[PDB]
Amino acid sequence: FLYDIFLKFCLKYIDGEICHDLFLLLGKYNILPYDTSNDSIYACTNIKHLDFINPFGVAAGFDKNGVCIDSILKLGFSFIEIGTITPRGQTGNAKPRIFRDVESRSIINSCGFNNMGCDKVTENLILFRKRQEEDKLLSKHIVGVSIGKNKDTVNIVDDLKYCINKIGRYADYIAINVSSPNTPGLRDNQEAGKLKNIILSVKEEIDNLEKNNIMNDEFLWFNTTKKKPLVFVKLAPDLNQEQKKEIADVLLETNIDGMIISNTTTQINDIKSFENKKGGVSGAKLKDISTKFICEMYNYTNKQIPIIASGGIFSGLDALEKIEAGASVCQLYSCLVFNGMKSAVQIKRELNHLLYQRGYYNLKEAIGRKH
């Protein structure tokens, strides 16, 4: 609650990244709040054998380097997507690179995959997994890893392969980021043919980790599921019916475990304070766009591919809209920026309360209910 006093200050006066680094730093030293209450079993959700204690996680780009996993999750989230990571560390584009307009509760960013690199982040998650093994409050929480290419890498597959070999065995799922606007030509790989080759290589590389073991599978996968990481793809709102039916076909043929919808958009033009700035736009103004993209991709894939919702989710209603559109689970980013800690507690009660008034035995009853 006290942090919500701090927030309205950090938003008025302080740069975003400085506020970001402070929040990560508070969590590094375990001085963030904890939600220790039972989540409604009536709101759990799943994607194949991934069982989510609740339908809300933290989107990629929040804990890029996995230095703050414990404390953020202990805040009341069921899972977190770290990354996007690249094989070697990158500083990203030139600072300043994140801007926020409170009036529209929106953000624009051109970070450019700044991270300390796979090797160092993997060591951070190894440490986390050892703490998770000992703490019940973290015992059922899922950690996925978002992976992308270095800015100057020519072949994306080569970057994706390296990450899997090094970190694949500690992740519960892998998110393929082909949708960042701030990496040049990165959304050209969303093309159907290259995407197929990428996908099938990701799934194949994961499959090879199993085969060359002398140990059991309990000991191979040092993660919550103690299982092979799933393979998800983060699609961009910057697609088109054609290219959305191109990709949908690839997804159907390659048996992708799920698709994350969506990344930021480069199509919001009515924000006065962000005019002439570069980067992708996040937040509420992306909500309706993202929801429409869920409907299309949920429809184009005949409901066979689970959808992970992302984009402008702030309230319980917003989440239910994503869920009723076809999403199984939701990810938050901007909501945490503008609402802070309460975000998880608040959105979970709103969703539970709304499920009660609108008549649902459980959450799965609501998935895709607009269709």
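We call the rigid core the largest set of C-alpha positions that still match within 1.5 Å between the two forms. Residue positions are given as counts along the sequence shown, with the first one as 1.
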Higher Cα RMS in 9 other deposited structures of this protein relative to the shown form (core alignment), 274-282 or 192-200, goes to 274-282
Core-fitted, the stretch whose Cα atoms sit farther from this form in 9 other deposited structures of this protein, 131-139 versus 163-171, is 131-139
The stretch whose C-alpha atoms carry the larger average B-factor in the entry, 57-65 or 320-328, is 320-328
When mean C-alpha B-factors in the record are compared for 76-84 and 198-206, the larger belongs to 198-206
Among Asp217, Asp257, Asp159, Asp135, highest Cα B-factor in the entry goes to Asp217
Highest CA B factor of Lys278, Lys95, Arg131, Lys166, as deposited, is found at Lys278
Sorting the chain's modelled residues by C-alpha B-factor and splitting them into thirds places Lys272 in the highest
Among the modelled residues of its chain, the C-alpha B-factor of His49 falls in the third labelled middle
Tertile call for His20 (CA temperature factor, within chain, third-based) is the lowest
Chain thirds by Cα B factor, record data; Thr183 belongs to the middle
Here the Cα B-factor of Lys211, set against its chain, lands in the third termed highest
